[PDB]
Each structure stands twice: as C-alpha cells, then as structure tokens.
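A single chain, nothing else alongside it, follows as structure tokens in the form deposited without the ligand.
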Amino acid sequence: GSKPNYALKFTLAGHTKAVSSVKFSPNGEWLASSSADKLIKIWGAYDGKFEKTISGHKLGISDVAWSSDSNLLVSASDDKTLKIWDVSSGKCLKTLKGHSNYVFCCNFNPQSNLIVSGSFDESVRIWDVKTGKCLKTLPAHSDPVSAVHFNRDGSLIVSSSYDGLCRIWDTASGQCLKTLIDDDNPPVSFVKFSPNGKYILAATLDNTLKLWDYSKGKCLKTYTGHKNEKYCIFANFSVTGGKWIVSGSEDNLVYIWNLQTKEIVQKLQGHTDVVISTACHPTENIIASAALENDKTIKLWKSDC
C-alpha cells in the first residue's frame, strides 16, 4: 500500500551497554551491531538468531560497517583505532592506528579497497584495506567528525561535524570539492549520500533532517516531527518498498517519512531509550533499530509495503 505497516517481529538482547550502530550485510544474511560494551555481535537478519561475538577493542565501539562482499567488517573505537575483521573467523585482520582521539564513524568504499574514518581529533583518514596503512589524513573539520560516507562510484567522500559544516572530498586527491552546509551552528550530526549519489541526507541537532542536491548545493526536502538535539542518530533511505526516510529519535521512537511528501507515515513504539541507529534491509521491507543504555536491545520490524 501507500504507507508502511512495520510491526515488531524480534527483540535481540545481549549487549551489556548502549548499542551504537546496526548495519545489515549487503547480501542480506546478517545484522552487525556495535556497542559501548567493546563488542560486535552478528545476528540472523530474518530470525534475529544470535550468531557470534567479535572481541578485541580495548574501549567502546561507536560504529561498524560491512565490505561490499559481506566478508569483512570495520569498527571505530574509543581506543583510537579501527579494526578490520574477518566475519567468518571472527579474527582481527588489521588494526588501523593514527587517529589521536576516539574514532567515531567509518565506512568502506564500494570497491572495498579503502576505509574512511572520522574522529574526535577533527580529521578524516583514508586507509588501505590490504595493508592497513593510512594513505591520507584530511584536516577536514574544526570539531569532532560525526559521519563519513562514500558515494556510489567511490570518487567522493561526504563528512559532517559539530563545527556545523558538511564537506565533500575528492577521494583520489583528498582535496575539498564543496562545503555544502556552511553554518557556525547547528552541529551536523549525520550525513550520507543517496543510493544514486545525487543527494545528501543531513541531520542537524535542531530536530531537523534535510535532503540536499549535491550538484546544485540546494535543500530539496526537510523532515521534522522527531527529537534530535544531542546524539548522532543515523538516517536511512528505505528503497525496497515505498520510498521512505527512516530515523531514530530521542523520544524513543523510529520515525518513517514519505521522501517526496515529507509527511510522517509511521512511528514505531517499543524502545525504552533513545533510538540511536536504524538500518534498512537491502532486499526485504525490514528495519533494525537499536537503543541506548536504559534499553540495550535491537528490534527487527517488518512491513508488507
């Protein structure tokens, strides 16, 4: 139908501190979760079945991301490192050292030969997956980096910061192409490219999501109704059914908007703390949501539409 009907199917318990991120594997089989408890957990995407715990970070994890082939994860930790993991063995393949403060956000490029990271040290780093060597350090921002993401062909990186800026970087040179958002405030708490790489979805700590045209550098859509003044809450393009924007909220709800009309089409109730992270399954109408330390659970929601 025209609106989704997401309903709770599974609650995934096991993290012992706040969950920080959840991500579906590109092949759809797995959900990965990261937590302040220093652990990564792997779960079945369709039945929530616990698969394994991946351990090694010395302090909490703020983000985890999948390689394009679903075989590797990268994690960003308060221990100032990223780790690359073999999902099948659970083994740490590489430790990426160079940031001078907490690593907050990470992602592979589509090629999955590079990792991008953002840190409280105000830099963005670009890493070689094969060697674990730092290829480039970008003096990207003047406050902690809240998000980093590659576009569809890997030629661009978008970054956001508490400095109030969203910047787009040429991957190959590390040089800045555009400052898309240039305000002193509010903090930009999240950014990512649209699936086709033409738009950027940006969260600001004034309870606002905006969809930007990258080429024109202009705001096309605004999404409001949720609460977001403190946390770096992820947002998603839902594309398997109806075309939605999905975000967590500091009122403990998942918000779903119609991307074109900007109307709220569903609010998912169940969590008992801030919904910090949401993920949309690559082929099924399935949302994963995760909450902070009063809750510490992940929820799987399914819709017919």
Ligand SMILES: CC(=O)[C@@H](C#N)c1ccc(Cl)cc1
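Between two forms, the rigid core is the largest collection of C-alphas that superpose within 1.5 Å. Residue numbers run from 1 along the displayed sequence.
Not pictured, yet referred to below: the form deposited with the ligand bound.
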property	result
Listed residue that, although the ligand is not shown, lies within 4.5 Å of it in the bound PDB entry (heavy atoms), from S194, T171, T81, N109	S194
Partner-contacting position among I42, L259, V254, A279 - heavy atom within 4.5 Å of the ligand in the bound PDB entry	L259
Partner contact for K243 in the bound PDB entry: the ligand, 4.5 angstroms, heavy atom	yes
Proximity of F237 to the ligand in the bound PDB entry, heavy atoms at 4.5 Å	yes
Non-hydrogen atom contact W85 with the ligand in the bound PDB entry at 4.5 angstroms	no
Contact flag, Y214 vs the ligand in the bound PDB entry, heavy atom cut 4.5 Å	no
Residue stretch of 133-141, 172-180, 86-94, 195-203 approaching the ligand in the bound PDB entry, non-hydrogen atom distance within 4.5 Å	195-203
Which of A140, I181, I126, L72 is displaced between this form and the one not shown by 2 angstroms or more at its C-alpha, rigid core aligned	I181
Inter-Cα distance between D183 and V158 in the bound PDB entry, nearer or further [3 Å or more]	farther
Distance trend in the bound PDB entry - C-alpha atoms of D184 and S173, change of 3 Å or more	farther
